[PDB]
K.L.:
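Let me give you the structure first, and then I'll get to my questions.
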Amino acid sequence: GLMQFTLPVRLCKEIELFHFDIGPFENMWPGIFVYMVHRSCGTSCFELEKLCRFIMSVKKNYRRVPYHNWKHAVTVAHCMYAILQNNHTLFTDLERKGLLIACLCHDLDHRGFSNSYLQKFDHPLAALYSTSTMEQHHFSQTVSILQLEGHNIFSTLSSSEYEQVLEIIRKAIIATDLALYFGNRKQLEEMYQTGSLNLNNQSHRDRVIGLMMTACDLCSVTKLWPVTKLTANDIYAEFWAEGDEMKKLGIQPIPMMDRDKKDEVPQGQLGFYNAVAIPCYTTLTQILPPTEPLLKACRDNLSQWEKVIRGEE
Ligand SMILES: Cc1cc(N2CCCC2)nc(/C=C/c2ccc3ccccc3n2)n1
Ligand SMILES: [Mg+2]
Ligand SMILES: [Zn+2]
């Protein structure tokens, strides 16, 4: 009960900031997550024994892929932790419980391939899940782990509170399908501007949580430039591998996934920042003003990619 997780001074201070990098020591990442759970939710939210056994099962079920790996899971959870901590009173107890878990589990058993490649490969999962293929799989893996003996971290919740939290996690993980982001932010943009956005309306809370999940999932672009730049290498390592696999199916991949077209990457990043990243953090900042530092960092990184195109680096 009285066993608190404590980090070294530099981590204790920087973990509160949006642009925190969780560092290269894999064996510290579980403690970093438990720390965030305790501060964000409370020490009483989860039985420490069950939480630690849940975390280590989740870790085992992420693969050794360049980007969609255990470090991404913890990185996304940290961005969520910084959003919740900066928006103390806006979220219920169930939401703070569910959302940190959702982020940790949002990419469980990712193979480094997109929904499009699964579809064109004719992968079994594309037969079982027609849309949001990988994200339905990620939620399925999450339920599977929660049902392992000694792994049900939500055991102390009532039947209705257990169903509510598992529904928050399901919608939260499905929201990380980027195909669904574009419509979700447009609807939120309309609701904000026409003034009809209501945080007591559950349908509106769902959309706002969806956008939060996109914000955390893309948070590679909200880091200090050296982290953003080095993470981009891991991102493109997965894209170029999928491109190779598209060429093996006899399909020319989109330039984003063609390793022959690396020269085009800097302009590709501008498109992504202007079409996905900047819009996402702008709407988030409109709804949740204290998340402004994600937008600012994102704009700083947009400017660094412009400098790359201009040959200044
Ligand atoms: C049309 C186009 C072209 C392109 N190029 C790369 C080289 C050739 C053309 N890159 C993108 C965006 C990539 C992307 C996607 C998700 C991302 C998610 C997080 C961070 C960066 C991301 N970047 N889009
Ligand atoms: Mg995903
Ligand atoms: Zn992700």
Side-chain angles (χ1 to χ4, degrees), residues 22 58 61-63 65-80 99 101-118 125 129 131-142 169-182 210 212-223 225 227-244 246 252-281 294 297-298 301-302 304-305 308-309:
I22 65 175
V58 171
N61 281 279
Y62 276 91
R63 303 180 170 269
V65 295
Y67 178 65
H68 287 105
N69 55 41
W70 175 233
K71 190 178 188 158
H72 173 70
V74 184
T75 295
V76 172
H78 162 269
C79 190
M80 183 58 73
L99 282 177
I101 296 299
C103 285
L104 196 68
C105 298
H106 85 280
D107 271 335
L108 259 171
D109 190 39
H110 205 293
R111 323 303 174 95
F113 300 111
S114 64
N115 295 336
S116 291
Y117 176 72
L118 274 205
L125 287 175
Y129 312 119
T131 64
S132 306
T133 304
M134 284 309 305
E135 292 78 23
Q136 293 200 60
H137 182 59
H138 301 320
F139 179 63
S140 185
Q141 291 281 282
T142 308
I169 292 164
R170 188 188 60 76
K171 292 177 187 156
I173 293 180
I174 298 289
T176 61
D177 179 9
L178 203 59
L180 302 179
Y181 152 76
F182 298 97
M212 287 168 59
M213 290 298 298
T214 309
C216 301
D217 200 12
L218 294 190
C219 75
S220 159
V221 306
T222 68
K223 302 302 188 191
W225 166 245
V227 172
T228 294
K229 189 182 171 192
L230 285 163
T231 310
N233 293 340
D234 297 334
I235 290 168
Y236 280 97
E238 288 198 6
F239 286 165
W240 298 332
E242 176 170 331
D244 295 349
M246 291 285 192
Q252 258 298 128
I254 66 184
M256 193 195 321
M257 296 190 194
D258 194 336
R259 71 172 64 253
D260 300 329
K261 306 191 172 174
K262 297 198 192 187
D263 47 299
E264 299 186 22
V265 161
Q267 193 64 49
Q269 286 287 304
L270 284 201
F272 183 77
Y273 272 75
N274 285 313
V276 189
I278 295 286
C280 170
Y281 293 115
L294 295 168
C298 185
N301 282 324
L302 172 53
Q304 286 299 286
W305 283 111
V308 174
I309 292 164

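In each ligand, atom 1 is the first atom listed, and ligand 1 is the first ligand listed. FYI, the numbering just counts along the sequence from 1. Basis for what follows: all heavy atoms, side chains included, without hydrogens, waters or symmetry-related copies.
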K.L.:
Between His106 (side chain) and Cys103 (backbone), is there a donor-acceptor pair under 3.5 Å?
P.N.:
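Flag set: sc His106 to bb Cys103 pair under 3.5 Å.
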K.L.:
Taking the Zn ion (ligand 3) as the vertex, measure the angle between atom OD1 in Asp217 and atom NE2 in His106; round to 10°.
P.N.:
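It rounds to 90°.
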K.L.:
What protein heavy atom is closest to atom 23 (N) of ligand 1, reported as residue, atom name and distance in Å?
P.N.:
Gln269 NE2, 3.3 Å
K.L.:
Does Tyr281 reach the main-chain N or O of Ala215 with its side chain, forming a donor-acceptor pair under 3.5 Å?
P.N.:
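Answer holds: yes.
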K.L.:
Report yes if some heavy atom in the side chain of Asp107 is under 4.5 Å from a heavy atom in the side chain of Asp217; otherwise report no.
P.N.:
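Yes - at least one pair of side-chain heavy atoms lies under 4.5 Å apart.
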K.L.:
Which heavy atom of the protein is the closest neighbour of atom 24 (N) of ligand 1, given with residue, atom name and distance?
P.N.:
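Nearest neighbour among protein heavy atoms for atom 24 (N) of ligand 1, to 0.1 Å: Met256 CE, 3.3 Å.
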K.L.:
Are the side chain of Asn69 and the backbone of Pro66 linked by a donor-acceptor contact shorter than 3.5 Å?
P.N.:
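Pair found, side chain donor or acceptor close to backbone of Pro66.
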K.L.:
Hey, which N, O or S atom on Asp107 ends up closest to the Zn ion (ligand 3)?
P.N.:
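Of the nitrogen, oxygen and sulfur atoms in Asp107, the Zn ion (ligand 3) lies nearest to OD2.
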K.L.:
Of all N/O/S atoms in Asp107, which lies nearest to the Mg ion (ligand 2)?
P.N.:
OD1
K.L.:
Look only at interatomic distance and state if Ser220 has a nitrogen or oxygen under 3.5 Å from any nitrogen or oxygen of ligand 1.
P.N.:
no
K.L.:
Check ligand 1 against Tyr236 and write out every atom of the ligand that is under 4.0 Å from a heavy-atom position of the residue.
P.N.:
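Ligand 1 atoms under the 4.0 Å threshold to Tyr236: 6 (C), 10 (N), 13 (C).
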K.L.:
State, yes or no, whether a side-chain contact exists between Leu104 and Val74 at a heavy-atom distance under 4.5 Å.
P.N.:
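Yes. Closest side-chain heavy atoms under 4.5 Å.
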K.L.:
Parallel under 30°, tilted from 30 to 60°, perpendicular over 60°: which one fits the rings of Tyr67 and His72?
P.N.:
tilted
K.L.:
I'd like to check which ligand 1 atoms, numbered from 1 as shown, lie under 4.0 Å from a non-hydrogen atom of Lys261.
P.N.:
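The list of qualifying atoms is 7 (C), 8 (C).
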K.L.:
What residue and heavy atom of the protein are closest to atom 17 (C) of ligand 1, and at what distance?
P.N.:
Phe272 CZ, 3.4 Å
K.L.:
With a 4.5 Å heavy-atom cut-off, do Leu270 and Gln267 have their side chains touching?
P.N.:
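They are in side-chain contact.
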K.L.:
In terms of side-chain heavy atoms, does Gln304 have a donor or acceptor partner in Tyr273 at a distance below 3.5 Å?
P.N.:
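Per modelled atom types, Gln304 and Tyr273 side chains form no pair under 3.5 Å.
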K.L.:
Taking a cutoff of less than 4.0 Å between a non-hydrogen atom of the residue and any ligand atom, is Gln267 in contact with ligand 1?
P.N.:
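So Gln267 does not count as touching ligand 1.
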K.L.:
Indicate if the distance from the Zn ion (ligand 3) to the nearest N, O or S atom of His72 falls below 2.8 Å.
P.N.:
yes
K.L.:
Among protein heavy atoms, which lies nearest atom 4 (C) of ligand 1, and at what distance?
P.N.:
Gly268 CA, 3.3 Å
K.L.:
Would you confirm whether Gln136, through its side chain, and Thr131, through its main-chain N or O, come within 3.5 Å as a donor-acceptor pair?
P.N.:
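Judged by distance alone, yes, a pair lies under 3.5 Å.
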K.L.:
Mind checking whether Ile235 contacts ligand 1 via backbone (N, CA, C, O), side chain (CB onward), both or neither, at a 4.0 Å heavy-atom cut-off?
P.N.:
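Under 4.0 Å from ligand 1, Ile235 contributes side-chain atoms alone.
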